[PDB]
Amino acid sequence: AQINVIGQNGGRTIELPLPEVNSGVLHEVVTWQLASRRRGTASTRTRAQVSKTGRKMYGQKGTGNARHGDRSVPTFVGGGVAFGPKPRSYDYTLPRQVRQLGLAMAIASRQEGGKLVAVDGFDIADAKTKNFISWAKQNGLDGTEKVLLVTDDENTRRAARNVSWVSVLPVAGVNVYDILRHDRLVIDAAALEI
Amino acid sequence: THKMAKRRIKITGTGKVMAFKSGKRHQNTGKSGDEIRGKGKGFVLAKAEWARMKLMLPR
Amino acid sequence: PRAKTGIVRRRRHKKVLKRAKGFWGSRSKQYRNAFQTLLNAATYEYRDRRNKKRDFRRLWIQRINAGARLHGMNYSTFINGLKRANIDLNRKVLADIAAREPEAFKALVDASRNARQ
Amino acid sequence: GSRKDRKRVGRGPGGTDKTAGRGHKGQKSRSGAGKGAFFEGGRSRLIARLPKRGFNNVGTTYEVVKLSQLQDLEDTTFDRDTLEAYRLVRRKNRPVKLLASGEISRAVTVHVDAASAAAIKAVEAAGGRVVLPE
Amino acid sequence: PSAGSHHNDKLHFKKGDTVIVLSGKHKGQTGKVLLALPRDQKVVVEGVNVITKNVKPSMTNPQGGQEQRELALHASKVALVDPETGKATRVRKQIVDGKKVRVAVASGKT
RNA sequence: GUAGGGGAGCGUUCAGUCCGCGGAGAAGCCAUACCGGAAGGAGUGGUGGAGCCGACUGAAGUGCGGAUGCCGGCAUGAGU
RNA sequence: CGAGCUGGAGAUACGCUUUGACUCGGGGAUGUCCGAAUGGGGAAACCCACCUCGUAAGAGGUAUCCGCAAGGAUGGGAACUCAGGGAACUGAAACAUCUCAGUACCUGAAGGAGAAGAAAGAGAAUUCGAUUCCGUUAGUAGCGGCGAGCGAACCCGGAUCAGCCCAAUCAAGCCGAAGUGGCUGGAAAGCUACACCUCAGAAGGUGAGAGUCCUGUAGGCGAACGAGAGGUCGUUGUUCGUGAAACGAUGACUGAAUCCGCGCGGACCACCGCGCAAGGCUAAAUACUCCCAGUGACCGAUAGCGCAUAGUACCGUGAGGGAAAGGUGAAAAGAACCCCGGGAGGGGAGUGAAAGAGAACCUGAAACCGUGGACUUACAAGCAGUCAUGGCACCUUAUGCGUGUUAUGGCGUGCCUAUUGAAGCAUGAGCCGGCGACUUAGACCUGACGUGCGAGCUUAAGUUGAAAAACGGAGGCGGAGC
Ligand SMILES: [Mg+2]
Ligand SMILES: [Mg+2]
Ligand SMILES: [Mg+2]
Ligand SMILES: [Mg+2]
Ligand SMILES: [Mg+2]
Ligand SMILES: [Mg+2]
Ligand SMILES: [Mg+2]
Ligand SMILES: [Mg+2]
Ligand SMILES: [Mg+2]
């Protein structure tokens, strides 16, 4: 039930998720997402096998005050680790219903406050990066917020490059994380929208 | 286990186990007539608990 | 990722150690022996904490019948005659009344006497 | 906001660490610590000694199609040979069979692979036809 | 290891150039480039120095003595800056030489 | 109250956010009579010289007095 | 590339560079001796020859194996592939079949990949149509002291998809936008006030914390030369253990047909299908990581590779085994000079923000050794503590319910483990650091809690975008039992 910033109207479509903004599902979603991103890289020599050591030692019974088999065991120094990390995945598929329920619930979570849909990007005028600051100031972005821009038109994205103000998300490749992370979501391009 | 399929560990619709009567099967008979038909249907649910696990996934 | 034990053990240990003060020799200095001193130390702590009350009981009594006897009665006789009078639920710590203030304790004695014969 | 984002409220508890616990020394005192040999089943205890053979086959099996399902709701779309996949028999792998469960009078014409006695004795008394492969 | 190779081990300045001190100490003081060391990023300007004593087992009746000599520097300085202070000069071009480039910011004189 | 089962939590590394602090000085180390029901946590003072708390969420090589345990260091036997 | 260079080298001297050095990308030219070592010998790196051209000095040749010869092979390679040979511990709670397992190891051949292949086939639709690989079918058919256990294939979804011939762009690099004042400070990159760039706020350097100071980053450009058959006997394979054992495969004896023919379809027969063996090659999709690049809820000096370089020291005749080891400072300004001492070592001076950084140079815990001080101790039987009171000393969470120490009284059988039972004259342990033990995996099984859809619920391989995730219904689970 929402306005467009330039040109047309619409966005009175899109029934938002019920109840409005359930944060549990949100948490589930993002957690899944970071978990998807998580890259297992494990530098561990677990086994007494991994590290380099010859394996027969010295006398068993009869040396006294001793008791050992080998130098590669985890009770030794320099040896293997008992239960260290190995190269795993931890990537799964969260059920798709929730995969699409989430981002909707995010956009919904942007209805307690500011969000925006745009058309007519010609106010950018190539890139120049300056006219993006302008466009923002005229469209109400102090740049004291954090902003995510979702649009096509490479000319239009590439106007925005900076840490302070904004971040860019092409071709409606949107992330529940990315939009929930930033303060303002500029939904911009009305393609995936409406 | 995978041997026990055709032999009766067999599972019912209530998730119970079919084990009936062994009393004499082949060798050593020549007592009565209904001990011979003493071969039954039957079960108990004590060792049925870990029984199915032999047969588990293949119902 | 790993978490080295660093500064965790050391902290705990330092705390145990600090609990040990006028502890003789090894006890006050190296960890293990300190800590395990502190186990038996616990035992004596709590138990003597329940105890010192039995102790002070003993002391006070030991004074009270002392004064009583100075006046010609005893703890048995004194509390017998005192409590025989519904007059005195007096009871607790009355020892210092025998110790510090003699005339009073004398009056309590004579009271215990009138409550006898 | 991710930082104001809450938990699941009771999805998971923390795991189980047997390090510490001040007087945990885990498992069973002797005998059955350290082993990977535990193994609940096995021929030892009262499974063998149990007397069966029979023989295994499990041949042709059929889709069970509830009568109650067919009648009552929908349109009587005249199920037949294709639409039926959308009617939730979904199998492939097997041919289809019709049996009698629910009772409502309806004119219905269905192509399945086989049916029961009171099934055909049902469908027709309410009027209809039930086809079988020739 | 490591060591001064953080830059491309190229020198923004030249051996015969007048150069001032960007920040650091002896702020904005200037002098001719004397020692230009590209690998270790070291610059000697006539400007800034110390008083360093010599340990001399044998030097001319050795009797060791003190000298006053020049302290070397990092990339911190400003290199040949014309309009009466230090500023960043990138731009290149040709003037009288086909085979040579030159340098400027707002101006074109180095 | 022992094996055992159930419940609440403390502390440590990493990660994402949040809030911030630091050469008028970070963490770490040192002492300390305060706080908390415990794991523990602050207040200030001394060291240090380049970095780091707090909050929420997530992941662990995550908590030692023992194993004639391992590497190291330093004692006793002794000025024998 | 355009001013330096003279290797890690710290060091003095000799010098080289704009007639382009140094460094970098590219070729060539030299390249002793040993090693497949190959003139012959040989205890590798040494010892002896011989033939040809000559001007000595010097150059070329002189092993064996298949060939007209041109020409090819000997050896090396972490792992990956195929092949000849092939264990045992272990499991079966003992042990022969069995399992471990065609696992380990030996050996042989080859390449960047291999193998495998163009149906005498799978298979039961008169479908499919070379091989490999992934998903799945599926722990299903089945194998088995029918024990422990082992365990397929077709269909279907994919990655990639060819059959073809024989014998009657990245490579060296150049270009590259945008800041000054004041302030704290030893030092500005921090604070502040105004200002700018951005297709460039990735990162590193710079005396501290960097868009605009250096190198870079987006973007753009960029070369001469260079790279892109049948049977019998003994057996075994695949789920195939002698089982009704088909079929492939050979070790030994045997030894047919050839198109009104031959092999198969799990004893065998007839029907009925599917196929046409005894000749070969054939990228791709698959495997691996010596090596280069990039990233990481990976380590950060007892970790991480054994190594912050060393297979070195060191051990062993040998095969083989095998260490620990990091930090001045921003910058050498690395301590002239003076004092005690042969020295080592320190005390001044000086440099420095700091020498509370001095080359036994970041911090600097603990054990452990001392120096000084406070209160104390030379008739007292002591798991070292605990409680109670008195003396004495001290008052930064701190003049109180204080802190330290003490004298006396009461009480008081280390810890852990193993136990019917431990102060035990039963195990363990010198003390303090630091290391050190319930984990991980699978489309597994079962339960508890939570979430999404809900009589429905979901995808896997893979495809496509990848600061981001969508697609992918093969299949799986409910839905009917006996
Ligand atoms: Mg035990
Ligand atoms: Mg002597
Ligand atoms: Mg002696
Ligand atoms: Mg003697
Ligand atoms: Mg006080
Ligand atoms: Mg213990
Ligand atoms: Mg017991
Ligand atoms: Mg003992
Ligand atoms: Mg003893």
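Listed as the method for this PDB entry is X-ray crystallography; the listed resolution is 3.5400 Å.

Once that is clear, we can look at helix α3 (residues 130–139) of chain A. For an α-helix the count is 3.6 residues per turn, leaving residues at separations of three or four pointing the same way. All names here are of chain A. All of the buried residues along α3 are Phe 132, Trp 135 and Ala 136. One side of α3 holds all its buried residues, which, seen down the axis, span an arc of 100°. Relative to its buried face, α3 has exposed residues pointing more than 90 degrees away, namely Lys 130, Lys 137 and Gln 138. Residues of α3 that are buried sit in contact with β2 (147–149), β3 (166–168) and β4 (184–188). Remark: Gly 140 follows α3 within two positions and exhibits a positive phi of approximately 100°.

For the rest of this paragraph, the subject is the protein's contact with RNA strand G. Neighbouring RNA strand G are 136 residues, the closest being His2(B), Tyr44(C), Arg30(D), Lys14(E) and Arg39(E). A distance of 2.7 Å is found between a phosphate oxygen of RNA strand G and a side-chain nitrogen or oxygen belonging to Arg32(C). Note that a sugar or linking oxygen of RNA strand G is positioned 3.4 Å from one of the backbone N or O atoms of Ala36(E). Going through the elements one at a time, α1 (23–37), α2 (96–108) and α3 of chain A, α1 (9–19) and α2 (31–71) of chain C together with β2 (30–37) and β4 (49–53) of chain E are the ones with two or more residues in the surface near RNA strand G. At twelve residues, the largest contribution of residues to the surface near RNA strand G is made by α2(C).

A grouping of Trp50(B), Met53(B), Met56(B) and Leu57(B) is seen on the molecular surface, where their side chains present a nonpolar patch of about 510 Å² in accessible area. Tracing the sequence through the fold places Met56(B) in the segment after α1 (52–55).

Moving on: the protein's contact with RNA strand F. Residues in close proximity to RNA strand F total 46 residues, the closest being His68(A), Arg71(A), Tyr177(A), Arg12(C) and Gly23(D). Across the atoms of RNA strand F situated within 4 Å of the protein, the share located in sugar and phosphate is 75%. One of the side-chain nitrogen or oxygen atoms of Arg9(C) is found 3.3 Å away from a phosphate oxygen of RNA strand F. Between RNA strand F and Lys14(C) there is a distance of 2.7 Å, counted from a phosphate oxygen to a side-chain nitrogen or oxygen. In terms of residue count, the dominant contributor to the surface near RNA strand F is α1(C) (seven residues).

All names here are of chain C. The N-to-C vectors of α2 and helix α5 (residues 102–114) enclose an angle of 75°; their axes lie 10 Å apart at closest approach. By the criterion of interaxial angle, the relationship of α2 to α5 is roughly perpendicular. For the pair formed by α2 and α5, the contact residues are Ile 64, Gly 67, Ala 68 and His 71 on the first element and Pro 102, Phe 105, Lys 106, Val 109 and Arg 113 on the second. Its residues assigned to classes, the contact of α2 with α5 shows five nonpolar, two polar and two charged.

What follows concerns a positive patch on the surface. All names here are of chain C. Together, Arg 9, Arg 10, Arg 11, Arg 12, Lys 14 and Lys 15 line one region of the surface with positive charge. Looking at the secondary structure, you find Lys 14 in helix α1. Residue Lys 14 is classed as exposed on the basis of its relative accessible area of 54%.

Once that is clear, we can look at the interface of chain D and chain B. Think of interface size as the accessible area that goes away when the parts come together; that is how it is often given. With twelve residues of chain D at the interface, the matching set in chain B holds 13 residues. Taken together, both faces of the contact between chain D and chain B bury some 1200 Å²; the carbon and sulfur share is 61%. Here chain D and chain B share three residue pairs in polar contact between them. In terms of residue class, the side of chain D that touches chain B is built from five nonpolar, four polar and three charged.

Another aspect to go through is the sheet that holds strand β4 (residues 114–115) of chain D. All names here are of chain D. The strand order across the open sheet built from three strands is β1-β2-β4, with neighbouring strands paired in parallel fashion. The open sheet is flanked by β1 (63–66) and β4, the only strands paired with a single partner. In this structure, strand β2 (residues 96–99) lies alongside β4, joined through two bridges in parallel fashion. Along β4, the bridge assignment pairs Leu 98 with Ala 115.

Criteria and thresholds
- Residues numbered from 1 in each chain as written, not as in the entry; some residues may be left out.
- Chains lettered and ligands numbered in written order.
- Part of a larger assembly, values for the part shown.
- Heavy atoms only, no water.
- Buried < 20%, exposed > 50% of the residue type's maximum accessible area, 1.4 Å probe, protein only.
- Helix = DSSP H or I, 4+ residues; strand = E, 2+ residues; numbered from the N terminus.
- Arc of directions from axis to C-beta.
- Contact = heavy atoms within 4.5 Å.
- Near = heavy atom within 4 Å.
- Polar contact = N/O pair within 3.5 Å; in protein donor to acceptor, adjacent residues only side chain to side chain.
- Patch = residues over 30% accessible without salt bridge, like charges linked within 9 Å, V, L, I, M, F, W, Y side chains within 5 Å.
- Areas by Shrake-Rupley, 256 points an atom, 1.4 Å probe, with all protein chains shown as cover.
- Salt bridge = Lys/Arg side-chain N within 4 Å of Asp/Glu carboxyl O.
- Axes fitted to C-alpha atoms, helices over the stretch in contact; angles between N-to-C directions.
- Parallel < 35°, antiparallel > 145°, perpendicular 65-115°, else oblique.
- Nonpolar A, V, L, I, M, F, W, Y, C, P; charged D, E, K, R; others polar.
- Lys, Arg positive; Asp, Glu negative; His and termini not counted.
- Charge placed at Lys NZ, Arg CZ, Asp CG, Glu CD.
- Buried area = accessible area lost by both parts, 1.4 Å probe.
- Pairing = 2+ DSSP bridges.

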